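Chemist: First the structure, which I've put down as C-alpha cells, then a few questions once you've had a look.
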Amino acid sequence: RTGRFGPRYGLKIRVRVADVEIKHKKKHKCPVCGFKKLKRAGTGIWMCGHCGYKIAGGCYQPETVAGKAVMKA
Amino acid sequence: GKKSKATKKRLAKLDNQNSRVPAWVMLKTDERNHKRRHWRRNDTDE
Amino acid sequence: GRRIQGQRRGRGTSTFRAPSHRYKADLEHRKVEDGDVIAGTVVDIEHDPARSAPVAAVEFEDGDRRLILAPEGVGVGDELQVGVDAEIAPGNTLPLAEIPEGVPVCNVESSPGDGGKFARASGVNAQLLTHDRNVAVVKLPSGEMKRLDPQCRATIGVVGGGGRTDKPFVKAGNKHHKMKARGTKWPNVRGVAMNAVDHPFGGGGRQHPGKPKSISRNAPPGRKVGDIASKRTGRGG
Amino acid sequence: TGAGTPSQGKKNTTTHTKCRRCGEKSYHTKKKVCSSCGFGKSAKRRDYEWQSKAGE
RNA sequence: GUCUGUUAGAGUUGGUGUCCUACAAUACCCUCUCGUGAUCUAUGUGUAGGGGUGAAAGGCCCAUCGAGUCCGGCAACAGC
RNA sequence: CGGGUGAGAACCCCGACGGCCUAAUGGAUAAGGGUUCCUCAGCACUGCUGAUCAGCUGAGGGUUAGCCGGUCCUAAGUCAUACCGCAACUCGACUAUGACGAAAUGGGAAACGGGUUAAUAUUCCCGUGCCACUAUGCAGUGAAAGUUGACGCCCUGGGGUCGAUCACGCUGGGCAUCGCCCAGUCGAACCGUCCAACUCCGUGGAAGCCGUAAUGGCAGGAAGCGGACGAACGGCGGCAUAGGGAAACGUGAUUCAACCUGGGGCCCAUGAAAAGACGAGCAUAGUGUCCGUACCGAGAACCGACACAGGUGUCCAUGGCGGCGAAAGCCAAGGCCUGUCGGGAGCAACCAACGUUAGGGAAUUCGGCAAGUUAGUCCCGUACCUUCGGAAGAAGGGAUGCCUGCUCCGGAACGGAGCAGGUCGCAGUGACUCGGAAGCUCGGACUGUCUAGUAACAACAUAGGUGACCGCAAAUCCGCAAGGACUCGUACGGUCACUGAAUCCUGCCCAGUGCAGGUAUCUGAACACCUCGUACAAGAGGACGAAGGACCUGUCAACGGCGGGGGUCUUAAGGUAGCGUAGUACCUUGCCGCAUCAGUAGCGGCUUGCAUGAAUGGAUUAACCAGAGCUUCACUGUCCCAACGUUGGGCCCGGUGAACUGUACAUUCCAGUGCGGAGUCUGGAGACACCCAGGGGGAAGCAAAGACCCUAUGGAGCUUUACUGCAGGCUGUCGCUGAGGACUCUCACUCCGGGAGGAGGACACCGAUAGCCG
Ligand SMILES: [Cl-]
Ligand SMILES: [Cl-]
Ligand SMILES: [Mg+2]
Ligand SMILES: [Mg+2]
Ligand SMILES: [Mg+2]
Ligand SMILES: [Mg+2]
Ligand SMILES: [Mg+2]
Ligand SMILES: [Mg+2]
Ligand SMILES: [Mg+2]
Ligand SMILES: [Mg+2]
Ligand SMILES: [Mg+2]
Ligand SMILES: [Mg+2]
Ligand SMILES: [Mg+2]
Ligand SMILES: [Mg+2]
Ligand SMILES: [Mg+2]
Ligand SMILES: [Mg+2]
Ligand SMILES: [Mg+2]
Ligand SMILES: [Mg+2]
Ligand SMILES: [Mg+2]
Ligand code: NA
Ligand code: NA
Ligand code: NA
Ligand code: NA
Ligand code: NA
Ligand SMILES: [Sr+2]
Ligand SMILES: [Sr+2]
Ligand SMILES: [Sr+2]
Ligand SMILES: [Sr+2]
Ligand SMILES: [Sr+2]
Ligand SMILES: [Sr+2]
Ligand SMILES: [Sr+2]
Ligand SMILES: [Sr+2]
Ligand SMILES: [Sr+2]
Ligand SMILES: [Sr+2]
Ligand SMILES: [Sr+2]
Ligand SMILES: [Sr+2]
Ligand SMILES: [Sr+2]
Ligand SMILES: [Sr+2]
Ligand SMILES: [Sr+2]
Ligand SMILES: [Sr+2]
Ligand SMILES: [Sr+2]
Ligand SMILES: [Sr+2]
Ligand SMILES: [Sr+2]
Ligand SMILES: [Sr+2]
Ligand SMILES: [Sr+2]
Ligand SMILES: [Sr+2]
Ligand SMILES: [Sr+2]
Ligand SMILES: [Sr+2]
Ligand SMILES: [Sr+2]
Ligand SMILES: [Sr+2]
Ligand SMILES: [Sr+2]
Ligand SMILES: [Sr+2]
Ligand SMILES: [Sr+2]
Ligand SMILES: [Sr+2]
Ligand SMILES: [Sr+2]
Ligand SMILES: [Sr+2]
C-alpha cells in the first residue's frame with residue numbers, strides 16, 4: 001500500500017491511494033468463468049489467471065459503478 | 001572523421017600546395033611561399 | 001512586451017505538439033456498406049497512449065483488423081457487430097435510431113458518418129433519451145441535452161477506464177509522465193509570477209494581478225487571460 | 001559552467017563546408033544551403049545591394 | 001521523485017582560501033549537494049530576432065540580450 | 001652514477017639504481033584535425049632554459065578488403081516537384097509523389113587464426129571458413145500463411161564462458177638459515193552434434209497434494225511415467241602430423257562478466273519503423289565493382305588566439321592484496337620521469353600550503369569564520385513529538401588485535417556467525433577508510449527549479465484546493481493568405497487563471513472598477529427611405545434603430561475594501577475564527593519572566609495591531625533542508641600569546657625574458673601661501689653620491705571620459721482610465737444572393753458521407769464599409 005511513501009504527501013493522499021490500491025488488488029471474480037482470479041494488467045485492463053480471459057473495465061477496479069448500470073438499462 | 005573521395009583530393013592538393021619555392025626560382029628571379037600552412041597553427045577549409 | 005505563452009502555443013512547435021508519432025489510432029467507427037451484416041472478434045486489449053484508457057483490437061469478417069473505442073466490459077473472444085441489424089448489446093454500434101431509449105452510449109457521432117465525436121473519455125457516457133423520425137435527444141457527459149440526427153451512429157455502454165480520476169497523482173513525477181504523452185506544455189508558471197513584459201498579470205513588487213481577472217470576450221489574444229468572459233466567479237452566492 | 005573557454009571545448013560539429021557551386025566554405029551541411037551564394041536555396045546567385053555603399 | 005555513498009556521473013554551501021598583467025576573458029584546492037529518477041548523458045532533429053525558448057532569474061538564443069549578429073540606411077542628430 | 005653520439009650534452013640515446021600513473025599517465029575508438037604517421041639529413045625558425053632532440057626544417061616514403069565501415073532500410077524530421085497563396089520571390093501552411101535523413105551508439109547476407117613491414121593489415125601472405133548473385137546439373141513443385149527483424153522500467157531463478165582463486169602434476173625462472181615465491185602449461189572462425197527453460201501431447205487419477213528465492217498449480221485433470229517442439233558468443237568431436245611455444249604443450253573444482261533461457265511486479269507512463277531474413281535442397285563454376293582505411297584522440301596532434309592546470313563522446317566495471325565495495329592505501333600488466341629550465345645558501349625577513357604546541361578553553365568574531373571534535377562494525381539501549389510512515393545511527397553505554405584448538409549454518413567458498421584457552425602495545429575500524437551530539441524559534445510541506453560569469457533562498461515548480469471558457473462546424477491560440485497547433489484529443493476532456501502537501505478553517509461588503517445577463521423607455525453609425533436644397537451634386541433635416549451606453553440584476557477562491565465619530569458618517573460593508581512588538585510594531589533595547597557575573601540577542605507571556613487576518617488565503621504542522629536566529633554538552637592555537645618545525649617560493653648564480661606606467665623637473669621635511677587638500681610657490685630646516693633587501697606613509701598612486709546626483713526640448717525597456725493611432729473581437733449594412741415585420745422554399749454557397757445521399761441555406765464563410773470594445 002502507501003507505506004512506500006514514508007511521511008511524504010500527507011494523510012488524505014496516502015489514504016486514498018491505499019483504498020484505491022487495496023480494492024485495486026483484491027481477488028476479483030472472472031466474468032467468463034466464476035473464479036476470483038483477476039489481476040490488473042495495466043490501466044483499465046484486466047485478465048484472469050485461470051481462464052486467460054482479458055477484459056476492459058474501470059481503471060483501478062474491473063467494474064465501475066456506472067459500468068453496472070448498462071447491464072440493467 | 002571520415003573523408004569522401006572529393007574531400008581527399010582537396011586535402012591532397014592542400015598538401016602538395018604546401019611546399020618550398022623551388023631553389024631555382026629564387027635564382028631565376030634573382031632573390032617565400034606566402035600560402036605555406038601548418039596543420040596545427042592554421043586551419044584549412046571544410 | 002513579449003507574446004504570452006498561449007500565443008507560443010499556436011505556432012505549433014515541438015514543445016506544444018502532441019507525440020502523434022507515438023499515438024496508436026483514431027477510433028472512428030468502421031463504415032458499413034449497409035444492411036449491417038458486419039461482425040468481428042475481439043483479438044486483444046491494448047492501452048491507448050493518447051487517452052490513458054484501454055482500447056480493443058477487433059478482427060472483422062472481411063479480414064479487416066482495427067482498434068475500437070472500447071466500452072467497459074469488452075473481453076477477448078467476445079463478438080461485436082456494427083450495422084443497423086446489430087444486436088443491442090454492450091460493445092455494438094448502431095444508429096441512434098436502432099438504440100432503445102434509456103440506453104447508455106459512447107463515441108457518439110455529431111454527423112452521421114464522422115466516426116464518433118462525443119463521449120470518448122474514460123468512464124464517461126451519453127444517455128440516449130428521446131427518439132423520433134427527425135431527432136434523437138442525447139444527454140452528454142456535461143449534462144447538456146444534445147439534439148442529434150437519429151442516423152448518427154453510437155456504441156452501447158460507457159467508456160472503459162472509469163474512475164481514472166479517483167486516484168490523485170500524489171507527486172509531480174507522476175503528472176510529468178502523463179503530460180509527456182499529451183500535447184501540453186507542463187509545468188505551469190503563474191503569470192502573476194512573471195515580469196510585466198511576459199504577461200498581463202506580471203510585474204509588481206508583490207505578486208497579485210494588477211487588474212480584475214475577468215476579461216472581455218472581445219479581448220485580443222495576448223490580453224485575453226485569467227477568467228475569460230466569466231458569467232460569475234467565486235463560490236459564494 | 002562559463003560561457004567562454006569552458007563552452008568552446010564542446011565545439012566539434014561540422015556545419016559550413018566547401019560549396020560545390022561557389023567554392024566558399026559556406027555550404028551548411030546540415031541545412032544544405034550556402035550562406036554565401038545561396039546554393040541550395042536560390043537558382044539565382046545570392047546578391048544584395050547592401051553588400052556595398054548605397055551610391056556604389 | 002527513500003536513506004548512506006568523491007562507483008560512474010551531475011552540481012557547487014562555505015573558505016568571502018589560491019589565482020586576479022592567471023594555467024584559465026569564470027581556473028585550482030579542501031569542505032559541501034545530488035546520485036532509480038520531474039535523473040544524467042551522446043548524436044541526430046525542430047523552434048529565429050519584437051520572434052523563439054524560459055519549473056520565471058528579464059534567464060538563455062555561439063565571451064554579445066530590458067530585444068542576437070552582420071552589412072546597409074550612414075558621413076543619423078546633439079543646443080554637450 | 002656510469003657510458004654512447006657529437007664541434008658542443010642537466011634535460012638526445014644505453015645500463016644500473018631511485019621513482020611516478022591503475023576508470024588512468026595504460027588498451028581500442030567517435031567527433032574534430034589533415035599528413036601531424038615512417039625513414040634519412042639537419043638546427044636559421046618553433047619549443048617557458050639547452051639541444052646533437054622533436055608534433056620544428058629539407059628530401060623521400062606510407063593507407064591494399066566480397067565477408068570492418070560506408071554503401072541498403074526506415075526514425076524525429078528535411079528538401080524537390082505538383083497544387084494553392086502572395087503585388088512578387090530565393091517566401092508560405094496543407095495534401096499528393098519522389099527523394100533525403102543513423103560511419104562510436106537504431107535495423108543489417110558473410111572471416112577466423114597465424115605470419116610479414118621502417119610505416120598497412122579480419123584488407124597483403126599462409127592456412128581454413130563463410131555469404132550473395134548468376135550459370136550449369138540433379139532434386140523440386142511446394143511459395144504464402146506464418147515466424148523473424150522488433151524493442152519499457154524494477155526484482156529474481158536456472159544454464160554458462162572469459163577472468164580470478166583453490167588442489168595436484170609437468171616445463172622454466174627466482175631466493176637461499178627456512179622452504180617458500182613467480183611465470184607458463186596454448187590452440188579460432190567454421191562444420192557437426194548435445195539441451196536446460198517455455199509451450200504442447202499420451203498415460204495417470206490427486207477431493208490436500210505438487211512446486212518456488214518469491215508468486216503460485218490442479219477433476220476445465222496435480223505428482224509420477226513416456227513423448228513432440230526446443231538455447232548459448234556454451235559443452236563435446238572435427239578444424240589441428242593448422243598455428244604458436246625455449247619447454248611443458250595439465251586435470252579437477254569453486255565463484256561465475258559475456259552470451260543463453262525463465263519467473264515475478266509496475267503504468268492516469270504502454271516502451272519505434274522499414275529494408276531484410278527464415279519459411280524454401282545439394283554439386284560444381286563464375287562474379288562480388290565503387291568509397292573510407294596513415295597518425296593523434298589529448299596536462300603538446302580536437303575547441304578554447306598557445307606545445308592553455310579549462311572543455312571534449314564511447315568501451316576496456318572481473319589483474320593481485322584489501323575491504324561491503326567499480327572506496328582508501330599498496331602492487332602487477334602497460335605507460336612514463338614532458339602536469340619539461342637549472343645551480344647555490346641549516347637556506348634570514350615575508351608569503352603559500354602544512355605539522356606540533358604547556359595552562360586556560362570561544363575569553364576571539366557580526367557570527368566557532370577557520371580548524372578541530374566524532375567516525376568502520378557488533379552487542380545493549382534510545383526521549384519529546386508524529387500525518388503512525390517516521391523521529392532513530394536520537395541520546396547513552398560496552399566490545400574490537402594476535403596466537404592455539406574448536407562449534408554452528410551451508411553442497412561449498414580462498415563464505416558467514418560464534419566458543420574455550422594463551423598473549424603483546426600508550427593505542428587493535430592501531431594506517432587508510434570513517435557521523436560530533438542535543439534543545440528552542442522563523443520559513444518553505446516534501447524530491448525537484450534558478451540568475452552560464454558576485455544571489456540556491458523564504459524566490460519558481462509540485463501534488464492538493466478553487467474559479468473561468470467550451471458540445472467539437474466548440475473554447476484557446478499561430479498565419480497576410482493558402483492554411484495550421486491543440487488533435488490518432490471530445491467534458492473522467494483541454495483551454496485560461498488564482499492558491500500551493502496534510503489537519504482545523506476560510507467571516508462581512510456588488511457602492512466604484514471588471515465580467516456577464518436583462519432591459520418598457522432614453523441614447524446609439526453607415527447603406528437604403530422620406531423632406532428641404534441643387535434642372536443634377538455638394539449640404540441641411542427626418543424616420544428607423546445593431547452591438548454599445550444610460551437603467552436593472554448576478555458575481556469577490558473578480559480587482560479590491562472591512563475606517564473616523566457617538567451611545568451613525570464616508571464610500572458597499574466596518575475586521576468574524578485565528579494570529580499578534582511579527583521577515584508586518586514607528587515609538588522600541590515596549591513591560592513581566594526565563595537564561596547570563598552582565599543578553600538592543602533568543603524563547604515564553606502580555607499585546608491598545610504607527611500600518612495583522614482568512615485561496616491578496618488564516619492558523620497550525622510530523623517529515624525534509626549546503627535556507628534565517630538562539631541555547632547547551634563535547635573539542636580545539638579563534639583567542640590569552642605566541643613558539644618551533646615541514647614543503648614550495650623568497651635571497652645569490654647561469655640561461656631565457658615581458659607588462660603596467662612615463663608633460664617636464666625631481667634628496668626632502670616643517671610651516672605658510674595658493675581654485676580653500678603643494679616634492680616644484682614663500683620662509684626656514686635638513687641634504688656627499690650610488691647600490692641591495694623590506695613592509696607599503698605620500699605622489700588627493702595605477703587601472704575604467706563617475707554607474708550616485710543634476711543637466712539635455714538625449715536613448716531604451718516597462719505601465720496606465722497620458723496624447724495619438726494600428727491590429728483583433730463584437731455588431732449593422734452592401735456584394736455573393738435565388739423562388740413563393742414576419743414565414744415557407746431550393747438553385748447558388750457551406751458542412752457530413754467512399755458513394756447514393758444526408759444536414760444547413762440565401763444565413764454562414766469570403767470581399768467592402770460603419771458603430772462599440774480594444
Ligand atoms: Cl492531467
Ligand atoms: Cl523461477
Ligand atoms: Mg486536478
Ligand atoms: Mg504554477
Ligand atoms: Mg520575478
Ligand atoms: Mg525584477
Ligand atoms: Mg503587458
Ligand atoms: Mg504568493
Ligand atoms: Mg497573490
Ligand atoms: Mg599501426
Ligand atoms: Mg605542456
Ligand atoms: Mg569582544
Ligand atoms: Mg555443516
Ligand atoms: Mg525572529
Ligand atoms: Mg524547499
Ligand atoms: Mg551566478
Ligand atoms: Mg493545481
Ligand atoms: Mg474571503
Ligand atoms: Mg524614452
Ligand atoms: Na588545424
Ligand atoms: Na627539459
Ligand atoms: Na578484489
Ligand atoms: Na462592488
Ligand atoms: Na531599456
Ligand atoms: Sr589549437
Ligand atoms: Sr476523428
Ligand atoms: Sr474520417
Ligand atoms: Sr502584477
Ligand atoms: Sr461567500
Ligand atoms: Sr559537441
Ligand atoms: Sr531550398
Ligand atoms: Sr537580390
Ligand atoms: Sr534517491
Ligand atoms: Sr560568499
Ligand atoms: Sr582551508
Ligand atoms: Sr576570479
Ligand atoms: Sr547521497
Ligand atoms: Sr553606418
Ligand atoms: Sr647552434
Ligand atoms: Sr614522431
Ligand atoms: Sr539513405
Ligand atoms: Sr551500426
Ligand atoms: Sr536502462
Ligand atoms: Sr549462476
Ligand atoms: Sr588504425
Ligand atoms: Sr584533459
Ligand atoms: Sr610496471
Ligand atoms: Sr624544454
Ligand atoms: Sr613530536
Ligand atoms: Sr562565542
Ligand atoms: Sr563574545
Ligand atoms: Sr559508542
Ligand atoms: Sr545552471
Ligand atoms: Sr492546506
Ligand atoms: Sr458591480
Ligand atoms: Sr615589495
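To be explicit about the labels: the chains of the C-alpha cells are called A, B, and onward in the order shown, and within each one the residues are counted from 1, while ligands get numbers from 1 in the order they are shown.
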DSSP says strand (DSSP E) for which residues of chain A? Put them as a list in words?

Modeler: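 Selection result, strand (DSSP E) within chain A: residues 38, 39, 40, 41, 42, 45, 46, 47, 48, 54, 55 and 56 of chain A.
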
Chemist: Could you save those same residues with C-alpha atoms as a compact mmCIF listing (two decimals), in the first residue's frame?

Modeler:
# COMPACT_ATOMS: atom_id res chain seq x y z
CA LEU A 38 -8.43 -11.49 -11.78
CA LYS A 39 -5.32 -9.37 -11.65
CA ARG A 40 -4.94 -5.96 -13.31
CA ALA A 41 -2.63 -5.89 -16.33
CA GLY A 42 -2.48 -2.13 -16.83
CA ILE A 45 -7.04 -3.79 -18.49
CA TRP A 46 -7.89 -6.95 -16.54
CA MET A 47 -7.04 -10.62 -17.02
CA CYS A 48 -7.92 -13.94 -15.42
CA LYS A 54 -8.73 -10.37 -20.84
CA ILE A 55 -11.27 -7.60 -20.16
CA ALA A 56 -11.78 -3.85 -20.25

Chemist: What do you get as a list in words if you pick all residues at most 12 Å from ligand 30, counting only C-alpha atoms (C1' of nucleotides) and all ligand atoms?

Modeler: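 The residues within 12 Å of ligand 30, counting only C-alpha atoms (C1' of nucleotides) and all ligand atoms, are residues 7, 8, 9, 10, 11, 12, 13, 14 and 15 of chain D; 42, 43 and 44 of chain E; 30, 31, 32, 302, 303, 311, 312 and 313 of chain F.
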
Chemist: At a cut-off of 9 Å, which residues of chain B touch chain F? Count only C-alpha atoms (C1' of nucleotides) and give the answer as a ChimeraX atom specification.

Modeler: /B:1-5,11,15,39-40,43-44

Chemist: Show which residues sit within 7 Å of residue 59 in chain A, as a list in words. Count only C-alpha atoms (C1' of nucleotides), and ignore same-chain residues fewer than 4 positions away.

Modeler: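 Non-adjacent residues within range: residues 43 and 44 of chain A; 161, 162, 163 and 164 of chain C.
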
Chemist: Store the residues picked out above, limited to C-alpha atoms, as a PDB file, in the first residue's frame.

Modeler:
ATOM      1  CA  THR A  43      -4.728   0.922 -16.868  1.00  0.00           C
ATOM      2  CA  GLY A  44      -8.264  -0.355 -17.434  1.00  0.00           C
TER       3      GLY A  44
ATOM      4  CA  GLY C 161     -11.268   3.129 -17.615  1.00  0.00           C
ATOM      5  CA  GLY C 162     -13.885   4.680 -15.334  1.00  0.00           C
ATOM      6  CA  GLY C 163     -12.706   6.285 -12.095  1.00  0.00           C
ATOM      7  CA  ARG C 164      -9.290   7.089 -13.579  1.00  0.00           C
TER       8      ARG C 164
END

Chemist: Report as a PyMOL selection string all protein, DNA and RNA residues lying within 10 Å of residue 68 in chain E, evaluated on only C-alpha atoms (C1' of nucleotides), omitting residues in the same chain fewer than 5 positions from it.

Modeler: chain E and resi 48-49+61

Chemist: Selection from above, N, CA, C and O atoms (P, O5', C5', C4', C3', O3' and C1' of nucleotides), as a PDB file, in the first residue's frame, can you write it?

Modeler:
ATOM      1  P     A E  48      11.217  29.664 -36.334  1.00  0.00           P
ATOM      2  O5'   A E  48      12.249  30.394 -35.366  1.00  0.00           O
ATOM      3  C5'   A E  48      11.796  31.302 -34.345  1.00  0.00           C
ATOM      4  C4'   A E  48      12.559  32.589 -34.453  1.00  0.00           C
ATOM      5  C3'   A E  48      12.571  33.177 -35.863  1.00  0.00           C
ATOM      6  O3'   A E  48      12.570  34.587 -35.762  1.00  0.00           O
ATOM      7  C1'   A E  48      14.775  32.766 -35.148  1.00  0.00           C
ATOM      8  P     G E  49      11.433  35.442 -36.493  1.00  0.00           P
ATOM      9  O5'   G E  49      11.654  36.901 -35.899  1.00  0.00           O
ATOM     10  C5'   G E  49      12.870  37.628 -36.139  1.00  0.00           C
ATOM     11  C4'   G E  49      13.184  38.513 -34.960  1.00  0.00           C
ATOM     12  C3'   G E  49      14.130  39.670 -35.280  1.00  0.00           C
ATOM     13  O3'   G E  49      13.768  40.838 -34.543  1.00  0.00           O
ATOM     14  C1'   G E  49      15.010  38.394 -33.513  1.00  0.00           C
ATOM     15  P     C E  61      22.976  33.549 -24.574  1.00  0.00           P
ATOM     16  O5'   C E  61      22.142  33.035 -25.822  1.00  0.00           O
ATOM     17  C5'   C E  61      22.353  31.738 -26.364  1.00  0.00           C
ATOM     18  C4'   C E  61      21.452  31.531 -27.547  1.00  0.00           C
ATOM     19  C3'   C E  61      21.544  32.565 -28.654  1.00  0.00           C
ATOM     20  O3'   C E  61      22.598  32.272 -29.534  1.00  0.00           O
ATOM     21  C1'   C E  61      19.287  32.136 -28.180  1.00  0.00           C
TER      22        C E  61
END

Chemist: For ligand 13, collect every residue having any atom at a distance of at most 8 Å from a ligand atom (counting only C-alpha atoms (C1' of nucleotides) and all ligand atoms); output as a PDB file with C-alpha atoms (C1' of nucleotides), in the first residue's frame.

Modeler:
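That gives us out11.pdb:
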ATOM      1  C1'   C F 408      27.384 -23.898  14.432  1.00  0.00           C
ATOM      2  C1'   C F 409      24.784 -22.525   9.301  1.00  0.00           C
ATOM      3  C1'   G F 410      25.643 -24.093   4.202  1.00  0.00           C
TER       4        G F 410
END

Chemist: Enumerate as a short mmCIF file (atom, residue, chain, number, x, y, z; two decimals) with N, CA and C atoms, in the first residue's frame all residues of chain D assigned to alpha helix (DSSP H) by DSSP on the backbone, naming them with the chain letters and numbers the document uses.

Modeler:
data_model
loop_
_atom_site.label_atom_id
_atom_site.label_comp_id
_atom_site.auth_asym_id
_atom_site.auth_seq_id
_atom_site.Cartn_x
_atom_site.Cartn_y
_atom_site.Cartn_z
N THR D 5 35.66 30.04 -22.44
CA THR D 5 36.53 28.88 -22.65
C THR D 5 35.90 27.51 -22.37
N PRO D 6 35.28 27.33 -21.19
CA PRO D 6 34.68 26.04 -20.92
C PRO D 6 33.77 25.56 -22.03
N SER D 7 32.93 26.46 -22.55
CA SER D 7 31.99 26.09 -23.60
C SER D 7 32.56 26.00 -24.99
N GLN D 8 33.83 26.36 -25.18
CA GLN D 8 34.40 26.27 -26.52
C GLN D 8 34.85 24.84 -26.77
#

Chemist: Residues of chain E within 12 Å of chain C, counting only C-alpha atoms (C1' of nucleotides), what are they? List them as a ChimeraX atom specification.

Modeler: /E:1,37-39,45-47,49-59,66-67

Chemist: Mind checking which residues fall within 7 Å of residue 56 in chain C, counting only C-alpha atoms (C1' of nucleotides), ignoring those fewer than 5 positions away in the same chain, and posting them as a ChimeraX atom specification?

Modeler: /C:42,44-46,67-70

Chemist: So that I have them on file, write out the residues from the current selection with N, CA and C atoms, as a JSON list (two decimals), in the first residue's frame.

Modeler:
[["chain", "number", "residue", "atom", "x", "y", "z"],
["C", 42, "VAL", "N", -12.99, -9.77, -30.87],
["C", 42, "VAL", "CA", -12.00, -9.04, -30.10],
["C", 42, "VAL", "C", -10.77, -9.93, -29.90],
["C", 44, "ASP", "N", -7.61, -8.72, -28.98],
["C", 44, "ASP", "CA", -6.74, -8.27, -27.91],
["C", 44, "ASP", "C", -7.14, -6.92, -27.31],
["C", 45, "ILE", "N", -6.67, -6.65, -26.10],
["C", 45, "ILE", "CA", -6.94, -5.38, -25.43],
["C", 45, "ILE", "C", -5.61, -4.64, -25.29],
["C", 46, "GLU", "N", -5.61, -3.36, -25.65],
["C", 46, "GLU", "CA", -4.41, -2.56, -25.59],
["C", 46, "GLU", "C", -4.63, -1.27, -24.83],
["C", 67, "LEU", "N", -8.48, -1.03, -34.34],
["C", 67, "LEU", "CA", -8.63, -0.77, -32.91],
["C", 67, "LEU", "C", -9.96, -0.07, -32.73],
["C", 68, "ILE", "N", -10.70, -0.44, -31.69],
["C", 68, "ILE", "CA", -12.02, 0.15, -31.47],
["C", 68, "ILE", "C", -12.15, 0.86, -30.12],
["C", 69, "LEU", "N", -12.92, 1.94, -30.07],
["C", 69, "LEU", "CA", -13.13, 2.69, -28.82],
["C", 69, "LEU", "C", -13.90, 1.75, -27.89],
["C", 70, "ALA", "N", -13.17, 1.02, -27.07],
["C", 70, "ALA", "CA", -13.77, 0.04, -26.17],
["C", 70, "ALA", "C", -14.55, 0.54, -24.97]]

Chemist: Using only C-alpha atoms (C1' of nucleotides) and all ligand atoms, find each protein or nucleic acid residue lying at most 10 Å from ligand 2; present the set as a PDB file with C-alpha atoms (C1' of nucleotides), in the first residue's frame.

Modeler:
ATOM      1  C1'   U F 156      14.821 -12.597  -9.476  1.00  0.00           C
ATOM      2  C1'   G F 157      15.821 -18.180 -10.664  1.00  0.00           C
ATOM      3  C1'   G F 158      18.380 -21.559 -13.958  1.00  0.00           C
ATOM      4  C1'   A F 197      13.797 -23.301 -19.795  1.00  0.00           C
ATOM      5  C1'   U F 212       9.246 -21.964  -5.727  1.00  0.00           C
ATOM      6  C1'   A F 213      14.140 -17.449  -3.919  1.00  0.00           C
ATOM      7  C1'   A F 214       9.230 -15.434  -4.370  1.00  0.00           C
ATOM      8  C1'   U F 215       4.415 -15.667  -6.765  1.00  0.00           C
ATOM      9  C1'   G F 262      12.735 -18.499 -17.477  1.00  0.00           C
ATOM     10  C1'   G F 263       9.542 -16.489 -13.177  1.00  0.00           C
ATOM     11  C1'   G F 264       7.506 -12.295 -10.717  1.00  0.00           C
TER      12        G F 264
END

Chemist: Compute the set of protein, DNA and RNA residues whose minimum atom distance to ligand 3 is at most 12 Å, using only C-alpha atoms (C1' of nucleotides) and all ligand atoms, and state it as a ChimeraX atom specification.

Modeler: /C:164-170,172,175 /F:268,463-466,492

Chemist: Using only C-alpha atoms (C1' of nucleotides) and all ligand atoms, which residues have at least one atom no more than 8 Å from ligand 36? Output them as a list in words.

Modeler: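 Result of the 8 Å neighbour search around ligand 36: residues 19, 20, 26 and 27 of chain E.
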
Chemist: What would the file look like if the residues just selected were written as a PDB file, in the first residue's frame with N, CA, C and O atoms (P, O5', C5', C4', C3', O3' and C1' of nucleotides)?

Modeler:
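Below you can see again-v2.pdb, which holds the result:
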ATOM      1  P     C E  19      48.076  33.725  -4.479  1.00  0.00           P
ATOM      2  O5'   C E  19      47.443  33.738  -5.941  1.00  0.00           O
ATOM      3  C5'   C E  19      47.978  32.901  -6.983  1.00  0.00           C
ATOM      4  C4'   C E  19      47.045  32.884  -8.170  1.00  0.00           C
ATOM      5  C3'   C E  19      46.720  34.233  -8.790  1.00  0.00           C
ATOM      6  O3'   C E  19      47.721  34.610  -9.730  1.00  0.00           O
ATOM      7  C1'   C E  19      44.726  32.968  -8.519  1.00  0.00           C
ATOM      8  P     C E  20      48.237  36.132  -9.786  1.00  0.00           P
ATOM      9  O5'   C E  20      46.944  36.987 -10.158  1.00  0.00           O
ATOM     10  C5'   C E  20      46.316  36.876 -11.450  1.00  0.00           C
ATOM     11  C4'   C E  20      45.039  37.686 -11.487  1.00  0.00           C
ATOM     12  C3'   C E  20      45.132  39.150 -11.073  1.00  0.00           C
ATOM     13  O3'   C E  20      45.478  39.972 -12.185  1.00  0.00           O
ATOM     14  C1'   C E  20      43.246  38.130 -10.045  1.00  0.00           C
ATOM     15  P     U E  26      37.121  32.262 -19.236  1.00  0.00           P
ATOM     16  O5'   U E  26      36.623  31.671 -17.850  1.00  0.00           O
ATOM     17  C5'   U E  26      37.552  31.309 -16.814  1.00  0.00           C
ATOM     18  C4'   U E  26      36.807  31.083 -15.522  1.00  0.00           C
ATOM     19  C3'   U E  26      35.595  30.161 -15.628  1.00  0.00           C
ATOM     20  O3'   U E  26      35.427  29.481 -14.394  1.00  0.00           O
ATOM     21  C1'   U E  26      34.911  32.307 -14.908  1.00  0.00           C
ATOM     22  P     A E  27      35.684  27.901 -14.289  1.00  0.00           P
ATOM     23  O5'   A E  27      37.269  27.803 -14.249  1.00  0.00           O
ATOM     24  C5'   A E  27      38.015  27.217 -15.322  1.00  0.00           C
ATOM     25  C4'   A E  27      39.456  27.106 -14.915  1.00  0.00           C
ATOM     26  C3'   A E  27      39.659  26.361 -13.611  1.00  0.00           C
ATOM     27  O3'   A E  27      39.736  24.963 -13.805  1.00  0.00           O
ATOM     28  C1'   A E  27      40.770  28.434 -13.484  1.00  0.00           C
TER      29        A E  27
END

Chemist: Here is a test: counting only C-alpha atoms (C1' of nucleotides) and all ligand atoms, which residue of E:11, E:16, E:29, E:3 is nearest to ligand 34?

Modeler: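 That would be E:16, the residue with the smallest distance to ligand 34.
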
Chemist: With distances taken over only C-alpha atoms (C1' of nucleotides) and all ligand atoms, which residue among F:133, F:603, F:459, F:608 lies nearest ligand 5?

Modeler: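 So, comparing all the options, the nearest one is F:459.
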
Chemist: Counting only C-alpha atoms (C1' of nucleotides) and all ligand atoms, what residues are within 12 Å of ligand 15, given as a ChimeraX atom specification?

Modeler: /F:443-449,456-462,624-625,627
